[PDB]
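Chemist: Before anything else, here's the structure in question.
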Amino acid sequence: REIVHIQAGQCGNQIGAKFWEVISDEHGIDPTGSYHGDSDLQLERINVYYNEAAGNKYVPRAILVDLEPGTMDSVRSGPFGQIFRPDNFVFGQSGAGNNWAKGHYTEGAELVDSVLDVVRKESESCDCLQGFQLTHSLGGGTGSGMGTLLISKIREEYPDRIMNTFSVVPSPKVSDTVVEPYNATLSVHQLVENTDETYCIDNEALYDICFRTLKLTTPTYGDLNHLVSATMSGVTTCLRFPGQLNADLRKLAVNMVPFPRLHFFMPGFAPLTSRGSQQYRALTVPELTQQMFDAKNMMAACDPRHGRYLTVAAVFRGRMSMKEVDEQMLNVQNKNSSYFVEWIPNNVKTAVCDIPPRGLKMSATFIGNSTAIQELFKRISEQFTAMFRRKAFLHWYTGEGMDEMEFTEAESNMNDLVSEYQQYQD
Amino acid sequence: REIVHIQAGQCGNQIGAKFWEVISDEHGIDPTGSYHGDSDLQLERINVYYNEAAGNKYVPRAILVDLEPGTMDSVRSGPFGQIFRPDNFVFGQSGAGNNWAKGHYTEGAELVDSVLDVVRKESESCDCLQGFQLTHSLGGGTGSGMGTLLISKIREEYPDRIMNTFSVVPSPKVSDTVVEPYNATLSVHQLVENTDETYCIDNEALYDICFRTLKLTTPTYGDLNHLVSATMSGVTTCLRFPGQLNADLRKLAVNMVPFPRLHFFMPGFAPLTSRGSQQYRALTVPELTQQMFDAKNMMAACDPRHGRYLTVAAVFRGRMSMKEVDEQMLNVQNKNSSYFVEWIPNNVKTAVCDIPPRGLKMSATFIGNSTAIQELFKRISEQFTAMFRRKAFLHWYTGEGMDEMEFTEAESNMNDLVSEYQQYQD
Amino acid sequence: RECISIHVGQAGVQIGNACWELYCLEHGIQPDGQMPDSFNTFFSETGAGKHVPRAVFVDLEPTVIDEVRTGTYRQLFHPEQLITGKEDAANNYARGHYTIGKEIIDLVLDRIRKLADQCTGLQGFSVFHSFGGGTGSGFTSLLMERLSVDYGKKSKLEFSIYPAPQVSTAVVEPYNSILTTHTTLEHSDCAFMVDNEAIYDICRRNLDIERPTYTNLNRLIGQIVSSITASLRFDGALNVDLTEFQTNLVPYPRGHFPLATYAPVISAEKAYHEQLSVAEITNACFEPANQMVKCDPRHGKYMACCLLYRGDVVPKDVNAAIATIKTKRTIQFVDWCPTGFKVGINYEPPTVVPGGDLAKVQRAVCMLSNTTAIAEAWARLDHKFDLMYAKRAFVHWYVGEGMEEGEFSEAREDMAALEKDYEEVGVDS
Amino acid sequence: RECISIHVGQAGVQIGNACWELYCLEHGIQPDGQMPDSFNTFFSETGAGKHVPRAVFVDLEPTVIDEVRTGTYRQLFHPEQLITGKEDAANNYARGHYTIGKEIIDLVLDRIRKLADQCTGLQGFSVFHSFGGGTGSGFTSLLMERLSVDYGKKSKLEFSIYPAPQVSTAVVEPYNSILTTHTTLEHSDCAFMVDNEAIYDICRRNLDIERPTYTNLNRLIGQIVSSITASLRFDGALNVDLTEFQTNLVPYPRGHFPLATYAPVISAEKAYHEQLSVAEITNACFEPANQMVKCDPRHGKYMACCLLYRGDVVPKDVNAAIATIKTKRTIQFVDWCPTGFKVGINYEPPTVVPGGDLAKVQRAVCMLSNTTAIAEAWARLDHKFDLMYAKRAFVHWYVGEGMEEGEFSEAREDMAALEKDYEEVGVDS
Ligand SMILES: Nc1nc2c(ncn2[C@@H]2O[C@H](COP(=O)(O)OP(=O)(O)OP(=O)(O)O)[C@@H](O)[C@H]2O)c(=O)[nH]1
Ligand SMILES: Nc1nc2c(ncn2[C@@H]2O[C@H](COP(=O)(O)OP(=O)(O)OP(=O)(O)O)[C@@H](O)[C@H]2O)c(=O)[nH]1
Ligand SMILES: Nc1nc2c(ncn2[C@@H]2O[C@H](COP(=O)(O)OP(=O)(O)O)[C@@H](O)[C@H]2O)c(=O)[nH]1
Ligand SMILES: Nc1nc2c(ncn2[C@@H]2O[C@H](COP(=O)(O)OP(=O)(O)O)[C@@H](O)[C@H]2O)c(=O)[nH]1
């Protein structure tokens, strides 16, 4: 099987560097080097993310889409930056304006064809394609607009292969932009109707989870990114490993989406202990479920405790008892019968790889489909209206060839999306 | 079986360091080290006080509650201070004011939830829980107030598991504080109605017993503490050892409490001879009962000779004849028929471990439930009224959100408690 | 005379590697194929030195069949006989049966037609699948399906590992197991059942170990199974052919599912203790804590048991130990059944792994049977299904895989009459 | 033929380890189980080279049963037969009988039904408990309780260690012993009694040692008991079956409690002194300072004695030594009883611990009997009870454990008619 990553925008891009920083080491691939793999198993399934050309050069099969040179020229001028074949860099030296409209209708719409071109060169690579990974932020141009287009096109070209989306939904407390809800509401819209698996991460849900669950005092972006990339590795790549009970994107999809919206999840990693001290090793297993299922530790902003779950997928990856795994999951399902929805006898989807995260003994990625994420699109949707009402920075959109009915559309859509999700919380 | 110690306040804390200083050696556990145990028996039952994580790191399962950093930061910065998992330290950097009200209603009430949290993490450790050990002083904030709360909550969470309380009731002659009877009367109140086994120690009953029963001329606190910790080791931990006739918290409880008040005891150690010289070894056994049952040597302030007993528990721990033990106890019960209450044919509860205190040949902890302790709550209760009458330092309580009926309550309650206890002395 | 075997699904393959291990182990045929008819009903004497297996392996992910061609035994099978579909497994019936699984079937069949020819008057195919899987439920469904037509004139005993009563794995499991039952029902001869969870109990209660690797449960079935084919197709004082089973074991056309049970499960380290009596093991067979199935005889009246013994056993010992049982009454057998005790006696005692955790006695009882008990197990597994179907849960995963509201709803109704069937054939006189 | 044994309560277990020790010691079976029918009525020949015990062990704290599985003998029992309830002991009847003790009972029974089956026509269960305990009083209460119903057709001889007359331990003791008596009374066949204190006297006065470890009293009962089962179930010149006892020993249905007594108690170091005459030991039996019970024949008229002899003894010597006694009158036997002397003669002399403190003679007399004497012992123990009950003392400890004002008050009335019973059956003509 296979997949083809997609680094839309700067963020989605910045993260690319971290997702690939990791993944590679979790596959023994040095900058341009080959497979130094401490083992021999980190190779029989690599294909999922690379391509064979030389014999020591397995190049990441991702796409780097962005209308701001400097960015990709920071990712390509640093560490692992020199492993991507230049063909991968689909830049847009234009003005990468922070407008969803500027990267979806006017500026991005041009650079698109020169992207799809490659997304096809990579898809028609070889063997059988599974789906595409998509990273980006719903709070900018090259991210929400142009990346949200990249998919609307992808999903017309292969409505068969899957589409996981890793979105950095606009953090609450403080937004890293001003129109944010504009660029956001507009991209979520496109999401709820193309990709079929979305993993929403919040820069501040991370800080928290990174400053209190990792006594880490100076959580640089690199970190946040790093933590995130840690989860997306547990998801995909991982399951493309052996296991007593293994799954793969689809299983994950076909066990997690009760209703076609596409629904968004909230990823959570397992061993998340501070370096030295904490290295408690309390990782027998009840310790991992202890972790994963708590409020804090959910990369999302919202707290599960604020709304039932529809599905859950503990994708563990480290030798354990299909008994102490299958078992724990249960008590968990009974101690919290309250929030776990009922019309699904077994919400949880236990998954079990074998080999764990390179240096760790036992981990377990969590992919939750809780109704709690209602209380986020609400947020976003609110911010919109409060500012849409006055058409705040709307001239930067319309003046870019947009529509007063376009914004209406998205909000509503994504706004209805909130509605539905409640239809199950009850 | 198991238990989870609780170091409430500074005192209760300071003592923690001594109770664990000891106990560990009585279980071969070096600072962070493991079981160096001279034997193999000091391990089959440790669980009662530790937890398995590494394989050399059996960490004490206690709680360190205090609103004054410096304290726990003296216990954690000294000797065995680096054995407690940091998670154990439930500090309250607030102003640990010397007000019962400041650590029970206003300041402590906040830090409570972050405590109960852990008291549950430790309780739900493993196997089966027996009860919790509680150390503190009834003459301060973090001690009487906040610690007296910790239990009122504990006893709502597991009205099944037991609750031994080690209280440092306000010594007579001189009070190491001023409101003392305020912080005290208020905590005894909470005690008579939650914990079901209390061992009251008096800093001056110790001095005495430590300056004349140990020619010790400079009895530092460390000492007093050390002596106390010596008794609480004979009690618990001890009985969690084999024995011709062994008991355990409950036996101790179910043989010592005739009436539900909870009743408070007065612990007494056996071989209490000065170092060099005195090392008379007159410890055949009549020498231990000689000891234990005399006035002086009762960690309490009051003197047994001033009031009958309801129950007694000579918890011996050193190879002896179930005959010379069971026998002695008798004469003792007949030479003093006067004070030993009659409606209990056999007041005494002979208990007999096997292995003795590490370096000693034969010892025997004494846990007396004498009616004499009436003449102490009297004391306390007096001090209250004499100062309550004028509302002395009451503004420091009320001004902290208290009630003029709260103080009334406690005194009465604890005051009635004096009454009852006399109902048997007669 | 022989009986081919098709191990389908990762599990059916893991269990396969296991049952396949125990084999050579008690036939002196090192992993290199060479030993230094009898057992020819499971091994073909190919070339002039080896003993190429007599089965096949079908998984849609390579991972699991791959491991076989790494670890000694690598030498045992023919590079050919281990079928794979590099594609995708998918923990969903539909995809495995219809959509994907389809592509491979032909090829699959080809071997069970190429391996079925080479032999000499065979008796059937011992199929190994894991009810609640993708490649195990779906695929087989049509494999057994295509068999019942290509060789209706044989035995189709499928050895299944049906859904743990509370400790299932896949989120959908029931979807996959209500579907493998309805499609295979009208195609199997006798379906043996071994409950994954109810086997753990045996590992906890009758062997003591909270460290049971899948590799163990496999050693176990790997045992109970050895008692079925291996030794039985092997000479003895009371031989029992495969046909024998279905005949003496199924009262009615529903591919009836008996339960597998073993007698001597005792842990090495106990290995020295004085052995158990012919009477004890016999009795152990009527204990609902030793049957590789969470179908505790909660009421289910037995209706036929095939007591396969092996090792040193005196026919009178049996024709007495059983007599004692026939009169325990609390073991209530069906009405319409006077005597339902097929006594199968073999010679060669069992053969325990050199150093696993199995005692190693000199006699055992692998008794299997049809018990009105499964009235439960099916019930409890059917109910599951509804709950989810009631909301369509992961339905879009199958529909989009060449299935319909039909196959589900119409396979539900199917089992419905399996809850009535297993009810009528019993509980009534 | 055999007689299972259930050692309940730490004590009943310590005494058990002891009585169990003396056993192999005089049967040439090292702690490894191996020796290089007869005695089969207490040991099952598991195969095989071993001699797995023929009893069980029940304590609610692990401490005491744990020590058995440390010290040689560790090899003797089956890892299984030593039942434990990690939970809590509690020196209170209620909790041990009702509340906690309940949970274990099933399991307990299971063994005395699993061990009771394996044998060949048994005779009963020698129960070992310590009247005034938690696990010993309560638990058994219902153990013997559940036995009297599951095997009413057998012998229920319970060997108790009833409350030291002045040197009790537990503060409640009587609560626990007035309760084990009333609940077991209507269930036992013959209850043997050995007074812990009155045994010390023997260690002070008839052996000299103020250093008597529990491990000694145990060696003693461990002796008197060996004279009961062990040797008796062992061939001899005048065999005496277990039934024999209750028949020749109980005049009335009350699970009547005789007293155990031994003749030759003389300390090693005396070991060389010229041995005692058949007449002396016989006479020693009528001395109220050698009877393992503080029930000095203060008036209690014997009503039946079972003089079990062992070693070199001429039947005439006995049928004379006893004659002399029958005419001492100051030994007054009941009226309604002409002759109440069951002479039990065994062959093999006693067998003293290699180097404990027991003399080691070539003949002994373990005479047990029902004496109107206990009219006392019960009295003095009943009175105790009242005093406390009169104030409810530790009552809240039982109530809160599934008991009521009923069970106490109604078990008091019980024994009341045990003070009248042991009074009426004697003192009157
Ligand atoms: N006894 C036993 N049961 C197993 C073993 N492997 C898996 N199982 C059980 O069989 C089921 C798992 O099926 P999967 O491994 O998910 O799937 P599969 O049937 O191999 O086919 P796919 O879904 O397409 O991968 C679960 O109920 C497991 O508990 C094994 O080695 N032994
Ligand atoms: N002869 C003899 N008497 C013993 C021995 N151990 C204890 N006893 C006596 O039996 C009684 C003690 O019972 P405990 O040990 O307290 O309790 P238990 O009956 O084992 O059961 P629990 O109360 O639940 O622990 C006392 O009267 C002791 O004097 C022993 O080894 N030998
Ligand atoms: N986790 C994370 N968030 C990022 C990174 N870079 C920008 N963001 C977030 O992305 C949003 C801004 O969008 P941006 O990526 O600049 O848009 P674009 O570059 O015009 O497509 C803010 O909410 C930031 O917190 C990053 O490297 N990691
Ligand atoms: N034995 C003993 N008493 C102590 C110790 N520390 C303080 N005390 C006593 O505790 C009382 C004072 O309360 P304190 O512990 O300061 O209260 P808190 O710290 O505000 O909770 C005085 O009666 C002291 O004698 C100690 O280490 N050992």
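As shown in the structure tokens, the chain order sets the letters A, B, ...; within each chain, residues go from 1, and ligands are also counted from 1 in the order they appear.
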Would you mind listing what lies within 7 Å of residue B:50 as a PyMOL selection string, with only C-alpha atoms counted and same-chain residues fewer than 2 positions away left out?
Modeler: chain B and resi 46-48+58-61
Chemist: Would you mind exporting N, CA and C atoms of the selected residues as a PDB file, in the first residue's frame?
Modeler:
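Here's the written file out_31.pdb:
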```
ATOM      1  N   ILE B  46       6.396  -5.907  52.324  1.00  0.00           N
ATOM      2  CA  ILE B  46       6.629  -4.470  52.157  1.00  0.00           C
ATOM      3  C   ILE B  46       5.454  -3.736  51.545  1.00  0.00           C
ATOM      4  N   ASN B  47       4.972  -4.247  50.416  1.00  0.00           N
ATOM      5  CA  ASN B  47       3.854  -3.651  49.692  1.00  0.00           C
ATOM      6  C   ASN B  47       3.047  -2.707  50.559  1.00  0.00           C
ATOM      7  N   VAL B  48       2.719  -3.143  51.770  1.00  0.00           N
ATOM      8  CA  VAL B  48       1.963  -2.321  52.704  1.00  0.00           C
ATOM      9  C   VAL B  48       2.337  -0.830  52.678  1.00  0.00           C
ATOM     10  N   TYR B  58      11.474   1.030  45.359  1.00  0.00           N
ATOM     11  CA  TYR B  58      10.203   0.790  46.021  1.00  0.00           C
ATOM     12  C   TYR B  58       9.958   2.134  46.688  1.00  0.00           C
ATOM     13  N   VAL B  59       9.037   2.920  46.138  1.00  0.00           N
ATOM     14  CA  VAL B  59       8.759   4.240  46.686  1.00  0.00           C
ATOM     15  C   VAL B  59       7.679   4.304  47.741  1.00  0.00           C
ATOM     16  N   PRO B  60       7.980   4.952  48.870  1.00  0.00           N
ATOM     17  CA  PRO B  60       7.005   5.084  49.943  1.00  0.00           C
ATOM     18  C   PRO B  60       5.700   5.641  49.399  1.00  0.00           C
ATOM     19  N   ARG B  61       4.609   4.996  49.782  1.00  0.00           N
ATOM     20  CA  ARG B  61       3.290   5.392  49.338  1.00  0.00           C
ATOM     21  C   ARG B  61       2.596   6.231  50.395  1.00  0.00           C
TER      22      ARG B  61
END
```
Chemist: Sorted by chain and rising residue number, list the residues of stretch 100-197 of chain D at most 8 Å from stretch 276-292 of chain D (counting only C-alpha atoms), each with its closest atom pair and distance in Å to one decimal, as CSV.
Modeler:
```
residue,atom,partner,partner_atom,distance
D:194,CA,D:292,CA,5.1
D:195,CA,D:292,CA,5.3
D:196,CA,D:292,CA,7.2
D:197,CA,D:292,CA,7.9
```
Chemist: Please, what distance in Å, to one decimal, runs between atom CA of residue D:17 and atom CA of residue D:68?
Modeler: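 The value is 7.2 Å.
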Chemist: Can you list, as a list in words, every protein, DNA or RNA residue that comes within 8 Å of residue B:194 when you count only C-alpha atoms, leaving out same-chain residues fewer than 2 positions away?
Modeler: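 Using only C-alpha atoms, the neighbours found are residues 151, 152, 155, 163, 190, 191, 192, 196 and 262 of chain B.
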Chemist: Could you write those residues out with N, CA, C and O atoms, as a PDB file, in the first residue's frame?
Modeler:
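That gives us part.pdb:
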```pdb
ATOM      1  N   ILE B 151      -8.900  13.909  55.986  1.00  0.00           N
ATOM      2  CA  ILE B 151      -9.547  12.688  56.438  1.00  0.00           C
ATOM      3  C   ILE B 151     -11.049  12.717  56.233  1.00  0.00           C
ATOM      4  O   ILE B 151     -11.627  11.749  55.744  1.00  0.00           O
ATOM      5  N   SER B 152     -11.683  13.827  56.586  1.00  0.00           N
ATOM      6  CA  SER B 152     -13.130  13.945  56.434  1.00  0.00           C
ATOM      7  C   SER B 152     -13.539  13.584  55.013  1.00  0.00           C
ATOM      8  O   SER B 152     -14.677  13.172  54.768  1.00  0.00           O
ATOM      9  N   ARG B 155     -12.595   9.524  54.582  1.00  0.00           N
ATOM     10  CA  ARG B 155     -13.680   8.755  55.206  1.00  0.00           C
ATOM     11  C   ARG B 155     -15.032   8.839  54.521  1.00  0.00           C
ATOM     12  O   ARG B 155     -16.035   8.380  55.061  1.00  0.00           O
ATOM     13  N   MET B 163      -8.590   4.062  59.428  1.00  0.00           N
ATOM     14  CA  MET B 163      -7.932   5.361  59.560  1.00  0.00           C
ATOM     15  C   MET B 163      -7.234   5.586  60.902  1.00  0.00           C
ATOM     16  O   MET B 163      -7.837   6.032  61.881  1.00  0.00           O
ATOM     17  N   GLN B 190     -13.053  16.863  64.433  1.00  0.00           N
ATOM     18  CA  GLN B 190     -13.006  16.144  63.140  1.00  0.00           C
ATOM     19  C   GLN B 190     -12.535  14.696  63.301  1.00  0.00           C
ATOM     20  O   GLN B 190     -12.993  13.801  62.590  1.00  0.00           O
ATOM     21  N   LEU B 191     -11.647  14.479  64.267  1.00  0.00           N
ATOM     22  CA  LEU B 191     -11.089  13.164  64.545  1.00  0.00           C
ATOM     23  C   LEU B 191     -12.127  12.207  65.134  1.00  0.00           C
ATOM     24  O   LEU B 191     -12.349  11.125  64.588  1.00  0.00           O
ATOM     25  N   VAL B 192     -12.759  12.628  66.233  1.00  0.00           N
ATOM     26  CA  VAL B 192     -13.786  11.860  66.954  1.00  0.00           C
ATOM     27  C   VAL B 192     -14.887  11.444  66.008  1.00  0.00           C
ATOM     28  O   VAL B 192     -15.816  10.746  66.402  1.00  0.00           O
ATOM     29  N   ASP B 196     -10.666   6.085  62.958  1.00  0.00           N
ATOM     30  CA  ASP B 196     -11.164   5.158  63.979  1.00  0.00           C
ATOM     31  C   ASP B 196     -10.111   4.543  64.885  1.00  0.00           C
ATOM     32  O   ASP B 196     -10.364   3.528  65.534  1.00  0.00           O
ATOM     33  N   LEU B 262     -14.309   6.394  68.442  1.00  0.00           N
ATOM     34  CA  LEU B 262     -13.085   6.161  67.693  1.00  0.00           C
ATOM     35  C   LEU B 262     -12.060   5.956  68.778  1.00  0.00           C
ATOM     36  O   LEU B 262     -11.165   5.117  68.675  1.00  0.00           O
TER      37      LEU B 262
END
```
Chemist: Within 10 Å of chain B, which residues of chain A show up when using only C-alpha atoms, listed as a ChimeraX atom specification?
Modeler: /A:277-284
Chemist: Dump the neighbourhood of ligand 4 as a PyMOL selection string: all residues within 8 Å, distances computed on only C-alpha atoms and all ligand atoms.
Modeler: chain B and resi 8-15+66-68+96-99+136-145+168-171+175-177+180+201-203+221-222+224-225+228
Chemist: Got time to write the residues from that selection, C-alpha atoms, as a PDB file, in the first residue's frame?
Modeler:
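Output file again_17.pdb is given in full below:
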```pdb
ATOM      1  CA  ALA B   8      -0.238  16.543  57.031  1.00  0.00           C
ATOM      2  CA  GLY B   9       1.315  19.863  57.999  1.00  0.00           C
ATOM      3  CA  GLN B  10       4.943  20.477  58.966  1.00  0.00           C
ATOM      4  CA  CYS B  11       5.038  18.421  62.119  1.00  0.00           C
ATOM      5  CA  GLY B  12       3.178  15.517  60.621  1.00  0.00           C
ATOM      6  CA  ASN B  13       5.678  16.054  57.858  1.00  0.00           C
ATOM      7  CA  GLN B  14       8.854  16.421  59.944  1.00  0.00           C
ATOM      8  CA  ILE B  15       7.796  13.140  61.546  1.00  0.00           C
ATOM      9  CA  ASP B  66       1.585  21.361  53.497  1.00  0.00           C
ATOM     10  CA  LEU B  67       0.962  25.050  52.722  1.00  0.00           C
ATOM     11  CA  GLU B  68       4.521  26.077  53.624  1.00  0.00           C
ATOM     12  CA  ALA B  96       0.400  28.554  55.501  1.00  0.00           C
ATOM     13  CA  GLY B  97      -1.048  30.754  58.259  1.00  0.00           C
ATOM     14  CA  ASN B  98      -1.254  29.172  61.694  1.00  0.00           C
ATOM     15  CA  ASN B  99      -5.025  29.204  61.493  1.00  0.00           C
ATOM     16  CA  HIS B 136       0.118  15.828  62.140  1.00  0.00           C
ATOM     17  CA  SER B 137      -0.162  18.234  65.039  1.00  0.00           C
ATOM     18  CA  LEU B 138      -3.406  19.606  66.387  1.00  0.00           C
ATOM     19  CA  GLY B 139      -1.760  22.942  67.044  1.00  0.00           C
ATOM     20  CA  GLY B 140      -1.508  24.682  63.677  1.00  0.00           C
ATOM     21  CA  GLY B 141      -2.995  25.281  60.244  1.00  0.00           C
ATOM     22  CA  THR B 142      -1.679  22.702  57.797  1.00  0.00           C
ATOM     23  CA  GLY B 143      -1.902  20.207  60.609  1.00  0.00           C
ATOM     24  CA  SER B 144      -5.211  20.340  62.414  1.00  0.00           C
ATOM     25  CA  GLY B 145      -7.234  22.132  59.775  1.00  0.00           C
ATOM     26  CA  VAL B 168       0.557  15.487  68.559  1.00  0.00           C
ATOM     27  CA  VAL B 169      -2.007  16.806  71.012  1.00  0.00           C
ATOM     28  CA  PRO B 170      -0.947  20.187  72.539  1.00  0.00           C
ATOM     29  CA  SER B 171       1.490  19.482  75.342  1.00  0.00           C
ATOM     30  CA  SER B 175       2.373  25.462  74.361  1.00  0.00           C
ATOM     31  CA  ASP B 176       4.578  25.754  71.291  1.00  0.00           C
ATOM     32  CA  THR B 177       1.914  28.036  69.835  1.00  0.00           C
ATOM     33  CA  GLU B 180      -3.173  26.005  70.126  1.00  0.00           C
ATOM     34  CA  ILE B 201       1.700  11.866  71.427  1.00  0.00           C
ATOM     35  CA  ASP B 202       2.929  14.761  73.622  1.00  0.00           C
ATOM     36  CA  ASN B 203       6.167  16.575  72.899  1.00  0.00           C
ATOM     37  CA  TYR B 221      13.147  17.155  67.884  1.00  0.00           C
ATOM     38  CA  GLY B 222      14.638  14.591  65.538  1.00  0.00           C
ATOM     39  CA  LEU B 224      11.237  12.821  69.873  1.00  0.00           C
ATOM     40  CA  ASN B 225      10.112  12.181  66.324  1.00  0.00           C
ATOM     41  CA  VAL B 228       7.393   8.210  68.105  1.00  0.00           C
TER      42      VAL B 228
END
```
Chemist: Can you list, as a list in words, every residue of stretch 156-186 of chain A that DSSP puts in alpha helix (DSSP H)?
Modeler: residues 156, 157, 181, 182, 183, 184, 185 and 186 of chain A
Chemist: Keeping only C-alpha atoms, write those residues as a PDB file, in the first residue's frame.
Modeler:
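The result, written out as part_12.pdb:
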```
ATOM      1  CA  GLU A 156     -12.222  14.437  -7.824  1.00  0.00           C
ATOM      2  CA  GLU A 157      -9.237  12.592  -9.177  1.00  0.00           C
ATOM      3  CA  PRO A 181     -12.141  32.656  11.518  1.00  0.00           C
ATOM      4  CA  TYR A 182     -12.378  33.817   7.913  1.00  0.00           C
ATOM      5  CA  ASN A 183      -9.548  31.660   6.620  1.00  0.00           C
ATOM      6  CA  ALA A 184     -10.854  28.920   8.943  1.00  0.00           C
ATOM      7  CA  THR A 185     -14.589  28.735   8.511  1.00  0.00           C
ATOM      8  CA  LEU A 186     -13.817  28.751   4.801  1.00  0.00           C
TER       9      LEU A 186
END
```
Chemist: Produce a table with one row for each residue of chain B that has an atom at most 7 Å from any atom of chain D, each row naming the nearest atom pair and its distance in Å at one decimal; use only C-alpha atoms; arrange rows by chain and rising residue number; format as CSV.
Modeler:
```
residue,atom,partner,partner_atom,distance
B:242,CA,D:63,CA,5.5
B:244,CA,D:214,CA,6.9
B:250,CA,D:90,CA,6.6
B:251,CA,D:90,CA,5.6
B:254,CA,D:397,CA,6.4
B:255,CA,D:171,CA,5.9
B:258,CA,D:393,CA,5.3
B:321,CA,D:213,CA,5.1
B:322,CA,D:213,CA,6.4
B:323,CA,D:212,CA,6.7
B:326,CA,D:167,CA,5.7
B:327,CA,D:167,CA,6.2
B:330,CA,D:167,CA,6.9
B:343,CA,D:387,CA,6.0
B:344,CA,D:388,CA,5.9
B:345,CA,D:384,CA,6.5
B:346,CA,D:171,CA,5.4
B:347,CA,D:171,CA,6.0
B:348,CA,D:171,CA,6.3
B:349,CA,D:171,CA,5.4
B:350,CA,D:169,CA,5.6
```
Chemist: Which residues, written as a ChimeraX atom specification, have at least one atom at most 9 Å from residue A:294, with only C-alpha atoms counted and residues fewer than 4 positions away on the same chain left out?
Modeler: /A:289-290,298,303-305
Chemist: Could you write out, as JSON, numbers by chain, all the residues of stretch 119-358 of chain D that DSSP marks as strand (DSSP E)?
Modeler: {"D": [124, 125, 126, 127, 128, 129, 157, 158, 159, 160, 190, 191, 192, 193, 259, 260, 261, 302, 303, 304, 305, 306, 307, 308, 309, 310, 311, 341, 342, 343, 344, 345]}
Chemist: Write down, as a ChimeraX atom specification, each residue of chain C that has any atom within 8 Å of an atom of chain D, counting only C-alpha atoms.
Modeler: /C:273-275
Chemist: Next, dump the selected residues to file, keeping only N, CA, C and O atoms, as a PDB file, in the first residue's frame.
Modeler:
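In the end it all went to part.pdb:
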```pdb
ATOM      1  N   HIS C 273       4.230 -34.068  39.012  1.00  0.00           N
ATOM      2  CA  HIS C 273       3.108 -34.528  39.854  1.00  0.00           C
ATOM      3  C   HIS C 273       2.522 -35.851  39.352  1.00  0.00           C
ATOM      4  O   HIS C 273       2.500 -36.065  38.143  1.00  0.00           O
ATOM      5  N   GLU C 274       2.073 -36.734  40.260  1.00  0.00           N
ATOM      6  CA  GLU C 274       1.464 -38.035  39.892  1.00  0.00           C
ATOM      7  C   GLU C 274       0.355 -37.775  38.857  1.00  0.00           C
ATOM      8  O   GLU C 274      -0.449 -36.847  39.033  1.00  0.00           O
ATOM      9  N   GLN C 275       0.333 -38.551  37.765  1.00  0.00           N
ATOM     10  CA  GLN C 275      -0.586 -38.295  36.637  1.00  0.00           C
ATOM     11  C   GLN C 275      -2.083 -38.439  37.027  1.00  0.00           C
ATOM     12  O   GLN C 275      -2.404 -38.958  38.084  1.00  0.00           O
TER      13      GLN C 275
END
```
Chemist: Excluding residue C:323 and any residue of its chain fewer than 5 positions from it, enumerate the residues within 12 Å of it, using only C-alpha atoms, and give them as a list in words.
Modeler: residues 279, 282, 283, 315, 316, 317, 318, 328, 329, 339, 340, 341 and 343 of chain C
